[PDB]
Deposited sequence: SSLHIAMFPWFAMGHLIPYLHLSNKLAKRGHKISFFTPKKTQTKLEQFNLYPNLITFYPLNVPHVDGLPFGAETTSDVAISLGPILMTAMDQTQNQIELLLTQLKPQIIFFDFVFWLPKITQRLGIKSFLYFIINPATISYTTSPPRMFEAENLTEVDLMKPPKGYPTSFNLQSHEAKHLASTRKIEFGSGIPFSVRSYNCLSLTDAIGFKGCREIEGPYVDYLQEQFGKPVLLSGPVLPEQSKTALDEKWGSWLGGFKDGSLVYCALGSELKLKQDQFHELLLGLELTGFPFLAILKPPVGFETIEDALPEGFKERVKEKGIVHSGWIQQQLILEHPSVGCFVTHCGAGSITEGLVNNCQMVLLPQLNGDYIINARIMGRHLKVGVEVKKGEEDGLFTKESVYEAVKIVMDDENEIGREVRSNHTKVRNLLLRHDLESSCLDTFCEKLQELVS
């Protein structure tokens, strides 16, 4: 039988988009989806609704919280430092979520962050904490062994995996420092960030992750052993086709470059670089001599790209490079044959989009546990990309380190570049295998049926 699933993702494009990708896959299997979305954001989500008779948007009014800029709905509308206030606003949607669940009566609700399971169990609804970040990240930072150390969890503690963690990778000091401090910072309604997610893991009926057994398997198994409840895999949430074609201005411009020659650089929809690293990144792209498209917000303190560019940059780069601040159709650009290289911040969505395409992967993780852990998995486990070197303590890169990573992967004769191309091809062939996502979804849906039995 078909399930009625409500979707309540976090107010971030990187969550709304894969939740919608998955919603389309579920609706293709006949499941009815009630998709909760901030009101104004719905208009930008319609392009992805491929089953409007089965996927219905229900608007949420993102409530005022002091400090939240007026009208803000998504982390793409606020500075990164304001995310915790937006999380308070998500928390404050509880009354309109309660009303929506009582009138719609879904069997399951997929959610982020809102540690909701008390409400759903009162209503006879199953709660499903559905992560679109890597289970390797949640396992590394939010498994019980981490939380029981409470505020005795040090940067040195975070340099090693929690007890029983299934794999090995190295963090730099500044990354472990980042994880040790930001973990404690309130993220909505006075709740420390890692405590919030731990509460969700603890209180939810079941957990799910974007991913497949071949890659995410060991972490989902670890989390299932740790939290003693089902930890499902949706499949890798392969991007679905939008109803909107590639913007002709980008299509025309990209079409003027030789196949595989262009370096696409984008650091997601939330973050702003500081100026010095904005400069180093752009000068590093320039040093390669390849054409490039860099999708970047103006750096901290600046309101336009033009004002922040290194001196003489436009005049030197001429028509071979564009630095652009607006939202673009990233998935469609990564499919364009001109793109030979993706310099990515290693956001989980961007990783999948790179993996399913042909672009060589250059890993520029920004300071966020999921970006960093994605970068280590991609660079050291799957070995599908080359990571730009950062200072051990300062977390900064040089323009030369950017240059060298792009040069390595774009050089047909470079053995490391050939290696990551070959490994990327192996991973792409897995993710796109004719039965991989479908068999993941088969299992996913069977386990969801078990959840509501």
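Visitor: Since the structure holds only modelled residues, which stretches of the deposited sequence does it leave out?
Guide: Just one stretch lacks coordinates - namely 116.
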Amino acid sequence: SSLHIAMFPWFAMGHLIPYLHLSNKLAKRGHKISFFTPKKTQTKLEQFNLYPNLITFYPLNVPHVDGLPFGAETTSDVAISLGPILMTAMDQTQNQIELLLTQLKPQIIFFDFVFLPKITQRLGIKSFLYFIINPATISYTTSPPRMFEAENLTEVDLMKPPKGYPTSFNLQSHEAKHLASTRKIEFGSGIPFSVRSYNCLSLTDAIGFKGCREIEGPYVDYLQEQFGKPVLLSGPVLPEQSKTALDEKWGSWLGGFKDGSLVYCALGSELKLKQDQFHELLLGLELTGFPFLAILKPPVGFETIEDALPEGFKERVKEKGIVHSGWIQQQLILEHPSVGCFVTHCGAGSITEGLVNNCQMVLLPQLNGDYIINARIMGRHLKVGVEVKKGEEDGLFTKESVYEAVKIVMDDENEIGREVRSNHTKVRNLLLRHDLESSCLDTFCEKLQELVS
From here on, numbers count along this sequence of modelled residues.
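Visitor: Take the C-alpha B-factors listed in the entry for 55 to 63 and for 392 to 400, compute each mean, and give the stretch with the larger one.
Guide: Result of the comparison: 55 to 63.
Visitor: For the stretches 206 to 214 and 166 to 174, which has the higher mean C-alpha B-factor as given in the deposited record?
Guide: Result of the comparison: 166 to 174.
Visitor: Determine which member of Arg122, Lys297, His345, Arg376 has the highest CA B-factor, using the values in the deposited entry.
Guide: In this record, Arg122 carries the highest C-alpha B-factor of the candidates.
Visitor: Name the residue from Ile133, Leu99, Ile351, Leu332 with the greatest C-alpha temperature factor listed in the entry.
Guide: Each of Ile133, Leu99, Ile351, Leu332 was compared by C-alpha B-factor; the highest is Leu99.
Visitor: How does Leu116 rank on Cα B-factor within its chain, lowest, middle or highest third?
Guide: Middle third.
Visitor: Per the entry's values, where does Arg428 land by CA temperature factor relative to the rest of its chain, in the lowest, middle or highest third?
Guide: Lowest third, going by the recorded CA B-factors of the chain.
Visitor: Taking the values exactly as deposited, rank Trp250 by C-alpha B-factor within its chain and report the matching third: lowest, middle or highest.
Guide: It belongs to the highest third of the chain when residues are ordered by C-alpha B-factor.
Visitor: Would the CA B-factor of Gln277 place it in the lowest, middle or highest third of its chain?
Guide: For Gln277, the deposited C-alpha B-factor lands in the lowest third.
Visitor: For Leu451, does the deposited CA B-factor place it in the lowest, middle or highest third of the chain?
Guide: Answer is middle: the recorded C-alpha B-factor places it there.
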